[PDB]
Amino acid sequence: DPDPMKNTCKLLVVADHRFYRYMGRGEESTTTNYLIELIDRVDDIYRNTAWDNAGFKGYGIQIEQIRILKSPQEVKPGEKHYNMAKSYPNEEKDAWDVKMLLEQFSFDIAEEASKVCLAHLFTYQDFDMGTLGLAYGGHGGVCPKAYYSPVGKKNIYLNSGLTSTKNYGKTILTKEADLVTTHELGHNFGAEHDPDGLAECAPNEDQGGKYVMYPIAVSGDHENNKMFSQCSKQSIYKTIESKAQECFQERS
Ligand SMILES: CC(C)C[C@H](CC(=O)NO)C(=O)N[C@H](C(=O)N[C@@H](C)C(=O)NCCN)C(C)(C)C
Ligand SMILES: [Ca+2]
Ligand SMILES: [Zn+2]
């Protein structure tokens with residue numbers, strides 16, 4: 001039975017210096033309005049989903065805090081930070097290696113991440129070969145789970161993910177950005193990618209197209225695009241059932 005007191009995953013939303021400059025036009029109001037409206041549209045998808053195809057619905061997400069990093073993080077030589085001016089490992093590239101960026105963000109935000117259901121980084125960098133985001137889970141996801149980093153020499157938490165709103169040299173459509181964050185939060189909620197081998201979970205274009213957990217970002221105009229497949233629902237249903245009592249809160 002859904003507990004109305006434990007149905008919301010509260011988020012720490014972080015906008016880095018790239019997002020602030022290129023999406024927020026160097027303004028706090030523009031930056032926060034974009035993120036507030038995006039999370040609210042993503043929340044409508046989650047909240048209206050019946051994970052068991054019956055009454056197990058009303059689970060969603062809400063912003064607890066928006067951290068706005070206005071300028072790059074100054075670093076000492078050899079030191080790295082997710083908000084530093086240069087990309088890593090190749091400073092000549094517009095973007096970081098996406099996996100290394102998610103690991104770095106998780107390391108730098110560890111203290112704050114331990115106090116929230118999820119932390120999500122919003123950036124503006126053109127990841128190699130069309131990548132839009134990355135997230136733990138679907139080994140992480142909703143509710144902070146510690147991982148001792150031998151390189152980092154401390155515990156980091158795997159309740160993180162990231163979204164970039166830049167792809168192939170331009171700002172993606174808001175309809176596309178909504179799907180990126182929905183997909184990444186889907187991994188956090190426990191969903192894996194929809195496989196081609198299960199037609200019910202990866203339909204043809206005339207059968208409504210692909211669902212949100214498909215590995216390929218494929219347009220945004222098809223019926224199924226903004227919905228979770230039955231494969232995703234089964235995985236997320238099992239996650240919510242064991243994780244809601246652990247870190248979910250009452251909807252504000
Ligand atoms: C929201 C999408 C589904 C996220 C995934 C990555 C992923 O599955 N992260 O959780 C992605 O970036 N997919 C890319 C993608 O489909 N991007 C599109 C927009 C693209 O740029 N087209 C590439 C065509 N050669 C890949 C990595 C497959 C190239
Ligand atoms: Ca890209
Ligand atoms: Zn994915």
# chains A, B, ... in the order shown; residues from 1 in each chain; ligands from 1
>>> residues_near_ligand(ligand="ligand 1", cutoff="10 Å", atoms="only C-alpha atoms and all ligand atoms", output="PyMOL selection string")
chain A and resi 98+126-138+161-164+166-168+172+176-188+192-194+211-219
>>> select_by_dssp(residues="region 41-249 of chain A", states="strand (DSSP E or B)", output="MDAnalysis selection string")
chainID A and resid 60:68 118:123 133:135 146:149 154:157 160:164 166:167 170:171 249
>>> closest_residue(among="A:72, A:144, A:208, A:55", to="residue 18 (chain A)", atoms="only C-alpha atoms")
A:72
>>> atom_distance(atom1="CA of residue 22 (chain A)", atom2="CA of residue 101 (chain A)")
18.7 Å
>>> atom_distance(atom1="CA of residue 59 (chain A)", atom2="CA of residue 250 (chain A)")
10.1 Å
>>> atom_distance(atom1="CA of residue 160 (chain A)", atom2="CA of residue 20 (chain A)")
19.8 Å
>>> residues_around(residues="region 234-239 of chain A", least_positions_apart="2", cutoff="9 Å", atoms="only C-alpha atoms", output="count of residues only")
20
>>> residues_around(residues="residue 75 (chain A)", least_positions_apart="3", cutoff="7 Å", atoms="only C-alpha atoms", output="list in words")
residues 79, 80 and 84 of chain A
>>> select_by_dssp(residues="region 177-247 of chain A", states="alpha helix (DSSP H)", output="NGL selection string")
:A and (177-188 or 230-247)
>>> residues_around(residues="residue 32 (chain A)", least_positions_apart="5", cutoff="10 Å", atoms="only C-alpha atoms", output="list in words")
residues 13, 15, 20, 24, 27, 37, 38, 66, 67 and 68 of chain A
>>> write_last_selection(atoms="N, CA and C atoms", output="mmCIF file, in the first residue's frame")
data_model
loop_
_atom_site.group_PDB
_atom_site.id
_atom_site.type_symbol
_atom_site.label_atom_id
_atom_site.label_comp_id
_atom_site.auth_asym_id
_atom_site.auth_seq_id
_atom_site.Cartn_x
_atom_site.Cartn_y
_atom_site.Cartn_z
ATOM 1 N N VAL A 13 19.303 19.529 -6.525
ATOM 2 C CA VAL A 13 19.540 19.831 -7.924
ATOM 3 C C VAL A 13 20.731 20.774 -7.961
ATOM 4 N N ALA A 15 23.178 23.096 -10.567
ATOM 5 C CA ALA A 15 23.422 23.646 -11.898
ATOM 6 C C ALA A 15 24.866 24.157 -11.881
ATOM 7 N N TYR A 20 24.579 27.444 -15.910
ATOM 8 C CA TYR A 20 24.269 28.819 -15.513
ATOM 9 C C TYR A 20 24.511 29.806 -16.655
ATOM 10 N N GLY A 24 20.971 29.333 -18.332
ATOM 11 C CA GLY A 24 20.402 30.344 -17.451
ATOM 12 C C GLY A 24 20.740 31.773 -17.809
ATOM 13 N N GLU A 27 21.831 34.313 -15.229
ATOM 14 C CA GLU A 27 20.800 34.770 -14.288
ATOM 15 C C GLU A 27 20.281 33.636 -13.407
ATOM 16 N N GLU A 37 10.487 23.950 -13.664
ATOM 17 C CA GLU A 37 9.489 23.498 -14.649
ATOM 18 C C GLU A 37 9.832 22.120 -15.200
ATOM 19 N N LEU A 38 11.130 21.845 -15.477
ATOM 20 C CA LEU A 38 11.581 20.535 -15.974
ATOM 21 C C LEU A 38 11.251 19.422 -14.975
ATOM 22 N N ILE A 66 18.143 23.894 -4.790
ATOM 23 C CA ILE A 66 18.821 24.116 -6.065
ATOM 24 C C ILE A 66 20.105 24.844 -5.725
ATOM 25 N N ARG A 67 21.249 24.215 -6.002
ATOM 26 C CA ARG A 67 22.553 24.853 -5.806
ATOM 27 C C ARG A 67 22.942 25.414 -7.174
ATOM 28 N N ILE A 68 23.253 26.706 -7.229
ATOM 29 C CA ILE A 68 23.641 27.360 -8.475
ATOM 30 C C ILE A 68 25.118 27.759 -8.380
#
>>> closest_residue(among="A:203, A:70, A:151, A:5", to="residue 25 (chain A)", atoms="only C-alpha atoms")
A:70
>>> closest_residue(among="A:120, A:220, A:49, A:2", to="residue 174 (chain A)", atoms="only C-alpha atoms")
A:220
>>> residues_around(residues="region 103-107 of chain A", least_positions_apart="6", cutoff="12 Å", atoms="only C-alpha atoms", output="number ranges by chain")
A: 13-16, 79-84, 87-89, 96-97, 113-114, 118-123, 134-136, 140-141, 144-162
